[PDB]
Every structure is written in C-alpha cells, then in structure tokens.
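Position 89, counted from 1, in the sequence shown is what the working numbering calls 199; the numbers after and before it change by one each time, with no gaps.
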Amino acid sequence: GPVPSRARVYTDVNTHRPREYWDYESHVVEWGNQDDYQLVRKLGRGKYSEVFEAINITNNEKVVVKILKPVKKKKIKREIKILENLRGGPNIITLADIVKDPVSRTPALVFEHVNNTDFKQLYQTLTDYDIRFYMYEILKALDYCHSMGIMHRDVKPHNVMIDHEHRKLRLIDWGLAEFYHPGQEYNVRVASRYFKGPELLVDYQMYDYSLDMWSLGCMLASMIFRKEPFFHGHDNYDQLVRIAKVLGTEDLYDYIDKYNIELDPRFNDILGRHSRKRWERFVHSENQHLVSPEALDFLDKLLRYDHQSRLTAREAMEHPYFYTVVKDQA
Ligand SMILES: CCN(CCN)c1ccc(Nc2cc(NC3CC3)n3ncc(C#N)c3n2)cc1-n1cnnc1
Numbered sequence: 111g112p113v114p115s116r117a118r119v120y121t122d123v124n125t126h127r128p129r130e131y132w133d134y135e136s137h138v139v140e141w142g143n144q145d146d147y148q149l150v151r152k153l154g155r156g157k158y159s160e161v162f163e164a165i166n167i168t169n170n171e172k173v174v175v176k177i178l179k180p181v182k183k184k185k186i187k188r189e190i191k192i193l194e195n196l197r198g199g200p201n202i203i204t205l206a207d208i209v210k211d212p213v214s215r216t217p218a219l220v221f222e223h224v225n226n227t228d229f230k231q232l233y234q235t236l237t238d239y240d241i242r243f244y245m246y247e248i249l250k251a252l253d254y255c256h257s258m259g260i261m262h263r264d265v266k267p268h269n270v271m272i273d274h275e276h277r278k279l280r281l282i283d284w285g286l287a288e289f290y291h292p293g294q295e296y297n298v299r300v301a302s303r304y305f306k307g308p309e310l311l312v313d314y315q316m317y318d319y320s321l322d323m324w325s326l327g328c329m330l331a332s333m334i335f336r337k338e339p340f341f342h343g344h345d346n347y348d349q350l351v352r353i354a355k356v357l358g359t360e361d362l363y364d365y366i367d368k369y370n371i372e373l374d375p376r377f378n379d380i381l382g383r384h385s386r387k388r389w390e391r392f393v394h395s396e397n398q399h400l401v402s403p404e405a406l407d408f409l410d411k412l413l414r415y416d417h418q419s420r421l422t423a424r425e426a427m428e429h430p431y432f433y434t435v436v437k438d439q440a
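Quick look at the structure:
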C-alpha cells in the first residue's frame, strides 16, 4: 500500500472546529428572493454552470450570477459552505446571495462583481513589480483558506480576477474546493491539466493544501518566462513527462519510492531518463526583465515533486522576492 501523509501545517484545524463547520451535507441553505435579480448578459459557460452579469433591482448593484447545471446536492452545499466560511477573508470572492432560478429549478449563486482586466492584455503588460504584487495578493487568499481548513484545488489564471485599475484581486470558483482532513483520500481528477500537481498525476490520493502551491508555481513560471502554459502536456500522462524534463527523473523516482506509489505501467515506457534542468534555459531577451535570482529561488521552492517539501503560503510570503512589496504595503 502507499505510505500515508499529513499536511505539515494547519493539520487539525477542521478537527478543532465544531462539526457544522465542515460537515456540509447537514448545511441547510438560506434562499434569497430571486425577483431581486434581473439578468443583463451572459459572461461564460462551463460543464457545471452558466455565468451572467445581473443587476440587483433592490439597490441597483451590479452582481455576477452562477446558475448551476445538474450537480449533486452535497457538492452544491460544499461550495456554499466553503464560500460562507471564507467570507470577509483577504482576496476571496464574496458570495452575496443564493436563489432558486425558476427556469432551471436549480440554484444560482450571487457573487460580488469584479471589473476584470482582459487576461491577454494584462498578461502582456505586467511589470516584474506587478507580478510580485499580485502573487503576494494570491498568497494571502491561499494562506487564509488553508488556515481555515480549505484547499482550492483549481488555482489557475482564469480563477484569479484582477481589476488592475483598482489593484484589486479576487480568487474565484470554489466549486472544486474541499475541506482538509488528515488521512482522507481525495479524488485526483481535479484542476486543469497544466496546473495538476504530480500527486494527482501519479494517483496519490492523500494530498493536502500543498497541491495549491504547485499550481501557484505553474502560474508564476508562466508569468516570469512568458510561456503559457509552462508545462504543456498533451494528456495526463504526458503532463508528468513535461514536468520530468524540467525537474528531472531522479527526484521523481525518489518521490515514488518514498511514498511507495504504484506507478501506472504506461508511464515506464514514456518517462525515460531526464536530468534536472537549470532555470536559466527558459530565460530569453524578451522575458529577462521579469526574471531575478529572487524569482528563480522562489519558483524552485514551489515546484517540488514531494508535496511535503514545497513552501507553505506563509513561508512563500516571507521569501525575499516579496521584500519590496511587503515594505510598500506598510
Ligand atoms: C461558468 C464558467 N466559469 C469558469 C471559471 N473557471 C466562469 C466563467 C466566467 C466567469 N466570469 C466572471 C466575470 C466577472 N467579472 C467581469 C467580466 C465582468 N466576475 N466578477 C466576479 C466573478 C465571480 N465569481 C466573475 N466571474 C466566472 C466563472 N465562474 C466563477 N465561478 N465559477 C465559475
């Protein structure tokens, strides 16, 4: 069998809370009035929902409405419970209301509106400083949610709303998030391919908050190297091959051995033998202004196969890459 694992931080936070904090199947939903909201226009479509801009006609406020497609009752309550537990936390989107849509007869979550700067434009005109600033802001959201016993499990650029004009960032889409419990085996079929931690790719189910720290490293690498996505896999197997061509195969096999992981035999014919590369090989004239010794040191400490050896959010926030941002924010 695989060797068990516990988070190194915030291990027992949910155990020390009353059961109703994390026992979301027992949550009863508070329904608002659906007639308070008039849809203005469609913003997005997905496997699990459609998202609209709306107006609250009661106070004339602009709002965002997520109308769910069919999803298990318990996962609806999971997303709602997590959003309520995290309300008022730094850089976490606020759930403002929940209503029963009369057309789909399904739940609609009502969120604060963020005036999102176009991802493409923003990602092309970010300064080194801007990246440090916004990474710092994401880390606050992750440290808060992790300290509150919650893993996001879907960190990636499109789940980070940034209003660049107001220097305002919100981490959104808590529909994959879960409560961390020591010893629990979780579904590995989470996160988008390019952001999946190695634990997910080798089917190690006893994972924790550190999953989010891998995803964050993937975002950071793409921003500083201007390479989107950084690990560009063709499928879930080839994703680990792409990681292995950068992090090397030696540390991968040490990871497999240490946790006694049974590797899908498909992998043996494709992983090969690969040295760990130096980061300088992704540095080019066009991205040089975004790369610093500090950034590379920071990145290196996020992107580890061994989930126990990655920086925590709080450690990350203490790294020299953020020394100028921390000083200015005081
Ligand atoms: C439906 C598919 N998903 C996939 C997510 N990976 C999806 C697609 C688009 C959107 N868009 C927006 C847009 C905006 N603001 C700007 C355009 C005016 N805001 N502001 C706040 C929120 C939220 N919460 C939001 N959302 C939001 C989501 N979304 C949010 N939460 N779950 C899904």
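Every residue, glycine too, gets a C-beta built ideally from N, C-alpha and C.
Residue(s) in a DSSP beta bridge with residue i
i: residue 217; result: 210
i: residue 159; result: 178
i: residue 261; result: 288
i: residue 117; result: In the DSSP output, where bridge partners are listed per residue, residue 117 has none listed.
i: residue 205; result: 221
Whether residue i touches residue j by CB criterion (8 Å)
i: residue 337; j: residue 392; result: yes
i: residue 335; j: residue 132; result: no
i: residue 187; j: residue 135; result: yes
i: residue 357; j: residue 284; result: no
i: residue 323; j: residue 164; result: no
i: residue 380; j: residue 308; result: no
i: residue 119; j: residue 369; result: no
i: residue 200; j: residue 152; result: no
i: residue 269; j: residue 252; result: no
i: residue 150; j: residue 223; result: no
i: residue 316; j: residue 115; result: yes
i: residue 347; j: residue 376; result: yes
i: residue 145; j: residue 166; result: no
i: residue 383; j: residue 361; result: no
i: residue 208; j: residue 140; result: yes
i: residue 292; j: residue 121; result: yes
i: residue 431; j: residue 390; result: no
i: residue 349; j: residue 303; result: yes
i: residue 196; j: residue 258; result: yes
i: residue 227; j: residue 273; result: yes
i: residue 326; j: residue 412; result: yes
Extent of the continuous beta strand (DSSP E) run through residue i
i: residue 271; result: 270-273
i: residue 280; result: 278-281
Where residue i falls: helix, strand or coil (DSSP)
i: residue 191; result: helix
i: residue 231; result: helix
i: residue 148; result: strand
i: residue 225; result: coil
i: residue 143; result: coil
i: residue 170; result: coil
i: residue 165; result: strand
i: residue 153; result: strand
i: residue 375; result: helix
i: residue 418; result: helix
i: residue 398; result: helix
i: residue 316; result: coil
i: residue 469; result: The question about residue 469 has no answer here: the residues shown for the chain are numbered 111 through 440.
i: residue 296; result: coil
i: residue 256; result: helix
i: residue 303; result: helix
i: residue 308; result: helix
i: residue 362; result: helix
i: residue 338; result: coil
i: residue 249; result: helix
i: residue 442; result: Residue 442 lies beyond the residue range present for the chain, which begins at 111 and ends at 440; the question has no answer from this structure.
i: residue 184; result: helix
i: residue 236; result: coil
i: residue 383; result: coil
i: residue 267; result: helix
i: residue 391; result: helix
i: residue 129; result: helix
Terminal residues of the alpha helix (DSSP H) in which residue i lies
i: residue 435; result: 433-438
i: residue 369; result: Per DSSP, residue 369 belongs to no alpha helix (DSSP H) and is neither H nor E.
i: residue 355; result: 346-357
i: residue 335; result: 320-335
i: residue 407; result: 403-412
i: residue 424; result: 423-428
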